[PDB]
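Shown next as structure tokens: one chain only, the form deposited in one PDB entry.
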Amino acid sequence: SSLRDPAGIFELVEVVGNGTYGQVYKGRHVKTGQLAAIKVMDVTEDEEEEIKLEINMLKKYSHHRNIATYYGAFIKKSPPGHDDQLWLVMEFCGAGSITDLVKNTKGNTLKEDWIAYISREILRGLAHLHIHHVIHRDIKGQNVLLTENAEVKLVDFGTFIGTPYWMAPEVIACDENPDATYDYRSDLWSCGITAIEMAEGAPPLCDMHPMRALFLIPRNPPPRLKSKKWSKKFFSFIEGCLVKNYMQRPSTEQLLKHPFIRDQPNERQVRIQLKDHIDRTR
């Protein structure tokens, strides 16, 4: 029901990461100076329970380690009648997004063993949500963040359409498919699109008008990596993420036992190389 005021517990600093996420802030735990991400929602009485929802979502399902964890929520009263402001507070991921990571890499491409590592983490996080019957619904490079520590965490899980390039065929509505059937395997598609984003600096169809991409995704065969340089194992993993008909798309668990994710011998060095890459740019 009623919560608490943030004043003297948390503070904005503020504003991430260019408004791209909306009303989200770099914030700080006043007592310890620990950073944290902060969502600020203007509230009413019509929203009321959608809010009550957003919270139980995070509190329940944020406790894995591949998911940015819930911190707590706060009510920051506004002048009577006016709109109050809700403070959704979570773990802070200081090393930016995968989108950013690839952006900042010469030739905008990640090493295979990096892609393996990051994919696995995404899959571990997704596995956790799926086992709780939550569909993420918006896996793309931007919703996948690094910690200072090279830990991987998912955000923004559970009026605009926004960007379509990471969308699975089954979630775009058309005559064949008038009700857009989000299934848990939709996430896995987006995971495959994200791996390509890491491999190539951008999703398939990036060069197209988004309206056009939205039209094409359901009709094209599975996207493929442009280059032949990649390992068979990786070609195979992409092909698994991007089975056109989600009915035949492997489960999260099935993909976690995919050799490309499973057999990561050099992950030791990868986590190291990653931290280093972060710190330099840091």
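Residues carry their position along the shown sequence, with the first being 1. Rigid core: the largest C-alpha set superposing within 1.5 Å between the two forms.
Beyond the structure shown, there is the form deposited in another entry, which is absent from this document and is the topic of what follows.
Only one candidate in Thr69, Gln34, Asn220, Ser231 has its Cα displaced by 2 Å or more between this form and the one not shown after core superposition: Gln34. Core-superposed comparison between this form and the one not shown: the Cα of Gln85 travels 2 Å or more.
In this overlay on the rigid core, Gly17 has a C-alpha that sits 2 Å or more away from its partner position between this form and the one not shown. After superposing the rigid core, the C-alpha of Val243 moves by less than 2 Å between this form and the one not shown.
Figure legend: C-alpha atoms of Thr20 and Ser97, shown here, are separated by at least 3 angstroms more in the other entry. Note on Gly27 and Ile139: their C-alpha atoms are nearer in the other entry, a change of at least 3 Å from this conformation.
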